[PDB]
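Labels below follow one simple rule: chain letters A, B, ... track the order of the sequence lines, proteins then strands, and each chain is numbered from 1.
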Amino acid sequence: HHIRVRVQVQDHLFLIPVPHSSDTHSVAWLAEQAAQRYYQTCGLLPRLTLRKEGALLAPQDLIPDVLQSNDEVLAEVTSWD
Amino acid sequence: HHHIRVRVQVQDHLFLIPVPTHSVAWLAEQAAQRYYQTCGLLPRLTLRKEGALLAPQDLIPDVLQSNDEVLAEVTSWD
Ligand code: NA
């Protein structure tokens, strides 16, 4: 009398280059870049919350202070713009 | 090279679909409509049982038992 259906959207893992700017880029910047890549790939523009190994990253923090090259962050889609 | 890997993740949803003979395609349509109601997006869905694709034209009792779980993968958005 019922079937359980798990609706799944596959993760999209993006490789985002961080340019060689003297002004270092922020976590917020990184979220924007990932959202734009998502839009380019899927036609949807997500709002994103970034975590490193389960820990929330502050948007204002600078990428090199919190991440090493080729580290992975998880970006949760919280809504669609 | 300074590269960051960003894994963008969308929340899966579990729907309970009552079956009041209905096809796999019907089941996909029910799930898609629920998704649309919940999230405002209408997905195109392929259904799998334990990783194996179910043919849309197959009848639910021929491929599934009561309370079996199927994975409905979003292949695109309408
Ligand atoms: Na997911």
Side-chain angles (χ1 to χ4, degrees), chain A residues 1-18 27-57 59 67 69-81, chain B residues 3-78:
Chain A
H1 57 286
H2 64 255
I3 301 295
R4 292 183 298 198
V5 181
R6 179 176 180 140
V7 178
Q8 176 165 96
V9 177
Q10 74 178 294
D11 291 357
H12 290 265
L13 180 68
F14 299 123
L15 188 67
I16 301 181
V18 183
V27 166
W29 176 89
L30 179 64
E32 179 63 17
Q33 299 312 302
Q36 286 308 325
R37 286 288 293 292
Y38 203 93
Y39 177 67
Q40 291 155 18
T41 305
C42 305
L44 297 176
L45 183 65
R47 301 290 294 290
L48 296 178
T49 295
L50 303 194
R51 297 176 173 83
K52 181 181 179 304
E53 303 183 287
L56 195 71
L57 299 179
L67 297 157
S69 190
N70 214 53
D71 278 353
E72 186 165 315
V73 307
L74 301 193
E76 177 198 12
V77 175
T78 57
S79 65
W80 305 109
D81 283 331
Chain B
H3 301 158
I4 303 293
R5 296 159 69 87
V6 181
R7 182 178 281 284
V8 180
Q9 308 186 300
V10 175
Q11 191 50 67
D12 294 357
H13 290 244
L14 184 67
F15 300 125
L16 260 287
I17 310 286
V19 321
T21 313
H22 295 301
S23 73
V24 168
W26 175 88
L27 179 61
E29 184 59 17
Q30 299 310 302
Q33 185 59 26
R34 282 185 171 74
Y35 199 86
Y36 175 65
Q37 291 157 195
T38 308
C39 304
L41 298 173
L42 184 65
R44 303 192 188 68
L45 298 177
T46 70
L47 307 191
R48 301 174 185 277
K49 181 185 177 183
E50 302 173 286
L53 293 163
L54 301 176
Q57 70 276 17
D58 282 342
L59 297 189
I60 290 169
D62 289 337
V63 289
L64 294 165
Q65 315 204 22
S66 189
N67 203 43
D68 278 353
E69 188 166 311
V70 310
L71 191 71
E73 284 182 351
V74 177
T75 59
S76 64
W77 303 108
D78 182 56

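Within the 3.5 Å criterion, the main-chain N or O of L74(A) finds no donor-acceptor partner in the side chain of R7(B). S23(B) places no side-chain N or O within 3.5 Å of a backbone atom of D58(B) that could act as its donor or acceptor partner.
Across all their heavy atoms, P43(B) and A32(B) have their closest contact at O-CB, 3.5 Å. Closest non-hydrogen pair, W26(B) versus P20(B), comes out as CH2-CD, 4.3 Å. Counting all heavy atoms, side chain and backbone alike, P18(B) lies closest to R34(B) at CD-NH2, 3.4 Å. Minimum heavy-atom separation, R44(B) to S76(B): NH1-OG, 2.6 Å. Closest heavy-atom contact between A31(A) and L50(A): N-CD1, 3.9 Å. Looking at every heavy atom in both residues, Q8(A) comes nearest to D12(B) through NE2-OD2, 2.8 Å.
Residues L13(A) and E72(A) form a side-chain contact, since some pair of their non-hydrogen atoms from C-beta on lies under 4.5 Å apart. Taking the side chain as every heavy atom from C-beta outward, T38(B) and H13(B) approach each other to under 4.5 Å. Side-chain contact between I60(B) and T21(B): absent, with no pair of heavy atoms (C-beta onward) separated by less than 4.5 Å. A heavy-atom distance below 4.5 Å is found between the side chains of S66(B) and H1(A). Contact annotation: the side chain of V63(B) approaches that of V24(B) to within less than 4.5 Å [non-hydrogen atoms, C-beta and beyond].
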request  = Check the pair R48(B), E73(B) against side-chain contact (heavy atoms from CB on, under 4.5 Å), reporting the backbone distance first and the verdict last.
outcome  = CA-CA 8 Å; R48(B) 301 174 185 277; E73(B) 284 182 351; 3.2 Å; yes

task = Applying side-chain contact (heavy atoms from CB on, under 4.5 Å), run through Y35(B) and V9(A) and close with a yes or a no.
result = CA-CA 11 Å; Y35(B) 199 86; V9(A) 177; 4.0 Å; yes

message = Please evaluate residues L56(A) and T49(A) with respect to the criterion side-chain contact (heavy atoms from CB on, under 4.5 Å), reporting the C-alpha separation (whole Å), side-chain torsions for both, the decisive distance (0.1 Å), and the verdict.
response = CA-CA 8 Å; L56(A) 195 71; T49(A) 295; 3.2 Å; yes

request  = Assess whether side-chain contact (heavy atoms from CB on, under 4.5 Å) is satisfied between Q33(A) and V18(A), documenting all intermediate values.
outcome  = CA-CA 10 Å; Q33(A) 299 312 302; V18(A) 183; over 6 Å; no

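Remark: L41(B) CG to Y36(B) OH distance equals 9.0 Å, nearest 0.5 Å. Atom CD of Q10(A) sits about 8.0 Å away from atom SG of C42(A), to the nearest 0.5 Å. Here the CD1-NE2 distance, from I16(A) to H3(B), works out to 11.0 Å after rounding to the nearest 0.5 Å. Note that the CG atom of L57(A) and the CG atom of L67(A) stand 6.0 Å from one another [nearest 0.5 Å].
Other residues, nucleotides and ligands place no more than 12 heavy atoms under 6.0 Å from the CD atom of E50(B). More than 12 heavy atoms of other residues, nucleotides or ligands lie within 6.0 Å of CD in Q37(B), so this atom counts as buried by the packing criterion.
Using a cutoff of 4.0 Å between basic side-chain nitrogens and carboxylate oxygens, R5(B) and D71(A) are not scored as salt-bridged.
Partners of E29(B) according to the side chain to side chain contact (heavy atoms under 4.5 Å, CB included) rule, which considers only residues two or more places apart in sequence or in another chain, do not exist here. Residues that satisfy the ring pair (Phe, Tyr, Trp, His ring centres under 6.0 Å) test with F14(A), not counting sequence neighbours, are absent from this structure.
For the side-chain contact (heavy atoms from CB on, under 4.5 Å) with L48(A), the lone residue among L30(A), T78(A), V73(A), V77(A) that qualifies is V77(A).
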